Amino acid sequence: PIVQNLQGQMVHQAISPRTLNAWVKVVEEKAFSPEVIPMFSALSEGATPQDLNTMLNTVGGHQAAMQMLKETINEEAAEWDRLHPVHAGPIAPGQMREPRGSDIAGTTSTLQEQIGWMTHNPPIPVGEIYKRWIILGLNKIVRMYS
(Lines of atoms letter the chains of each structure in order from A and count residues from 1; the text may use other names and numbers.)
(Lines give C-alpha, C1' and ligand atoms only; values in the text may rest on other atoms or scores of the structure.)
Protein backbone atom coordinates (compact mmCIF):
# COMPACT_ATOMS: atom_id res chain seq x y z
CA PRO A 1 0.00 0.00 0.00
CA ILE A 2 0.82 3.73 0.00
CA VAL A 3 1.32 5.68 3.21
CA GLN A 4 2.37 9.21 4.13
CA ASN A 5 5.55 9.04 6.22
CA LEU A 6 6.51 11.37 9.09
CA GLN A 7 8.49 13.58 6.71
CA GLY A 8 5.40 14.12 4.49
CA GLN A 9 6.33 11.88 1.53
CA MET A 10 4.04 9.35 -0.16
CA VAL A 11 5.84 6.02 0.10
CA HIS A 12 5.36 2.27 -0.15
CA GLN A 13 4.40 0.10 2.78
CA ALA A 14 4.47 -3.70 2.64
CA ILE A 15 1.16 -5.59 2.48
CA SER A 16 -0.01 -6.45 5.99
CA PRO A 17 0.84 -10.06 6.84
CA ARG A 18 -2.85 -10.41 7.83
CA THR A 19 -4.02 -9.20 4.40
CA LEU A 20 -1.62 -11.56 2.55
CA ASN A 21 -2.37 -14.56 4.79
CA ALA A 22 -6.10 -13.93 4.24
CA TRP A 23 -5.47 -14.13 0.45
CA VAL A 24 -3.36 -17.32 0.86
CA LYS A 25 -6.21 -18.81 2.90
CA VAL A 26 -8.96 -17.98 0.38
CA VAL A 27 -7.00 -19.60 -2.48
CA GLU A 28 -6.05 -22.69 -0.38
CA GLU A 29 -9.49 -23.24 1.28
CA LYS A 30 -11.92 -22.15 -1.45
CA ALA A 31 -9.83 -22.99 -4.55
CA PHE A 32 -11.50 -20.99 -7.33
CA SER A 33 -15.07 -20.76 -6.09
CA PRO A 34 -16.92 -17.43 -6.74
CA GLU A 35 -15.99 -15.96 -3.33
CA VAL A 36 -12.32 -15.62 -4.45
CA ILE A 37 -13.37 -12.50 -6.44
CA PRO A 38 -14.95 -10.37 -3.67
CA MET A 39 -12.11 -11.50 -1.36
CA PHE A 40 -9.46 -10.43 -3.87
CA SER A 41 -11.28 -7.11 -4.43
CA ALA A 42 -11.44 -6.37 -0.68
CA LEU A 43 -7.90 -7.53 0.15
CA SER A 44 -6.31 -5.51 -2.71
CA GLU A 45 -7.85 -2.18 -1.59
CA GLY A 46 -5.11 0.47 -2.04
CA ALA A 47 -2.67 -2.00 -3.63
CA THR A 48 0.12 -0.85 -5.98
CA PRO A 49 0.94 -3.07 -8.99
CA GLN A 50 3.97 -4.37 -7.02
CA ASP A 51 1.58 -5.34 -4.19
CA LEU A 52 -0.79 -7.04 -6.63
CA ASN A 53 2.11 -9.11 -7.99
CA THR A 54 3.03 -10.09 -4.42
CA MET A 55 -0.56 -11.38 -4.11
CA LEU A 56 -0.50 -13.11 -7.52
CA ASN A 57 2.75 -14.95 -6.70
CA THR A 58 0.92 -16.89 -3.93
CA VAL A 59 -1.22 -18.44 -6.78
CA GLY A 60 1.97 -19.83 -8.44
CA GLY A 61 1.31 -23.38 -7.23
CA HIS A 62 -1.83 -23.48 -9.41
CA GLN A 63 -0.48 -23.77 -12.94
CA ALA A 64 -3.67 -23.72 -15.03
CA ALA A 65 -5.12 -20.80 -13.03
CA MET A 66 -1.84 -18.83 -13.22
CA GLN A 67 -1.64 -19.38 -17.00
CA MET A 68 -5.23 -18.09 -17.40
CA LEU A 69 -4.38 -15.01 -15.28
CA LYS A 70 -1.22 -14.36 -17.31
CA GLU A 71 -3.10 -14.75 -20.63
CA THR A 72 -5.81 -12.32 -19.50
CA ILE A 73 -3.29 -9.74 -18.22
CA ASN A 74 -1.46 -10.04 -21.57
CA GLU A 75 -4.67 -9.46 -23.53
CA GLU A 76 -5.66 -6.47 -21.42
CA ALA A 77 -2.14 -4.97 -21.54
CA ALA A 78 -2.18 -5.32 -25.36
CA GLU A 79 -5.59 -3.61 -25.58
CA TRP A 80 -4.35 -0.87 -23.22
CA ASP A 81 -1.33 -0.20 -25.46
CA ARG A 82 -3.55 -0.14 -28.56
CA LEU A 83 -5.91 2.40 -26.96
CA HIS A 84 -3.29 4.43 -25.03
CA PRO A 85 0.03 4.20 -26.87
CA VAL A 86 2.98 6.02 -25.34
CA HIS A 87 3.79 9.29 -27.11
CA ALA A 88 7.48 9.81 -27.86
CA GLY A 89 8.82 13.09 -26.41
CA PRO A 90 9.82 14.94 -23.20
CA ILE A 91 7.78 14.91 -19.98
CA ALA A 92 6.43 18.31 -18.87
CA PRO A 93 7.32 19.64 -15.38
CA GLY A 94 4.97 18.24 -12.70
CA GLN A 95 3.71 15.54 -15.11
CA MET A 96 4.46 11.84 -15.34
CA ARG A 97 5.32 9.67 -18.32
CA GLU A 98 2.39 7.73 -19.80
CA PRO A 99 1.99 4.20 -18.42
CA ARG A 100 2.13 1.27 -20.81
CA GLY A 101 0.45 -2.09 -20.13
CA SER A 102 3.64 -3.52 -18.58
CA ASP A 103 3.87 -0.44 -16.32
CA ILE A 104 0.32 -1.10 -15.11
CA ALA A 105 1.23 -4.76 -14.50
CA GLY A 106 4.27 -3.61 -12.50
CA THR A 107 6.93 -5.33 -14.64
CA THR A 108 8.49 -2.21 -16.23
CA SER A 109 7.47 0.48 -13.69
CA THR A 110 9.36 1.41 -10.53
CA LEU A 111 7.54 1.47 -7.23
CA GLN A 112 8.02 5.26 -7.20
CA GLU A 113 6.47 5.57 -10.69
CA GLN A 114 3.51 3.47 -9.51
CA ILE A 115 2.96 5.69 -6.46
CA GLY A 116 3.49 8.79 -8.64
CA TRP A 117 0.68 7.70 -10.98
CA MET A 118 -1.64 6.54 -8.21
CA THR A 119 -1.28 9.74 -6.14
CA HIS A 120 -1.15 12.13 -9.11
CA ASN A 121 -3.69 14.97 -9.25
CA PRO A 122 -5.74 13.69 -10.97
CA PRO A 123 -4.96 10.00 -10.34
CA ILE A 124 -3.57 7.77 -13.04
CA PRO A 125 -5.04 4.77 -11.21
CA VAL A 126 -2.68 1.98 -12.30
CA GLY A 127 -3.54 -0.08 -9.21
CA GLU A 128 -7.25 0.01 -10.04
CA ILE A 129 -6.58 -0.68 -13.71
CA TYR A 130 -4.38 -3.72 -12.98
CA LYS A 131 -6.97 -4.91 -10.42
CA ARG A 132 -9.61 -4.83 -13.17
CA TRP A 133 -7.44 -7.04 -15.38
CA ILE A 134 -6.80 -9.49 -12.54
CA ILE A 135 -10.54 -9.66 -11.68
CA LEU A 136 -11.21 -10.38 -15.38
CA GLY A 137 -8.74 -13.28 -15.11
CA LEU A 138 -10.22 -14.50 -11.83
CA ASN A 139 -13.70 -14.45 -13.43
CA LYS A 140 -12.44 -16.67 -16.27
CA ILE A 141 -10.86 -19.05 -13.76
CA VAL A 142 -14.04 -19.22 -11.66
CA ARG A 143 -16.04 -19.98 -14.83
CA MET A 144 -13.56 -22.72 -15.87
CA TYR A 145 -13.79 -24.42 -12.45
CA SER A 146 -17.57 -23.92 -11.91
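The numbering used is simple: start at 1 and walk along the sequence shown.
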Taking the deposited Cα B-factors and averaging over 26-34 and over 77-85, the higher mean is found in 26-34
Look up the CA B-factors in the entry and say which stretch, 128-136 or 9-17, has the higher mean. 9-17
Per the deposited entry, the peak Cα B-factor within the set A64, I91, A47, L111 goes to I91
Going by the CA temperature factor in the entry, name the top one among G60, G116, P99, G106. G60
Chain thirds by Cα B factor, record data; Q95 belongs to the highest
Please place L43 in the lowest, middle or highest third of its chain by C-alpha B factor as given in the entry. middle
Lowest, middle or highest third: which one holds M55 when the chain's residues are ordered by CA B-factor from the entry? highest
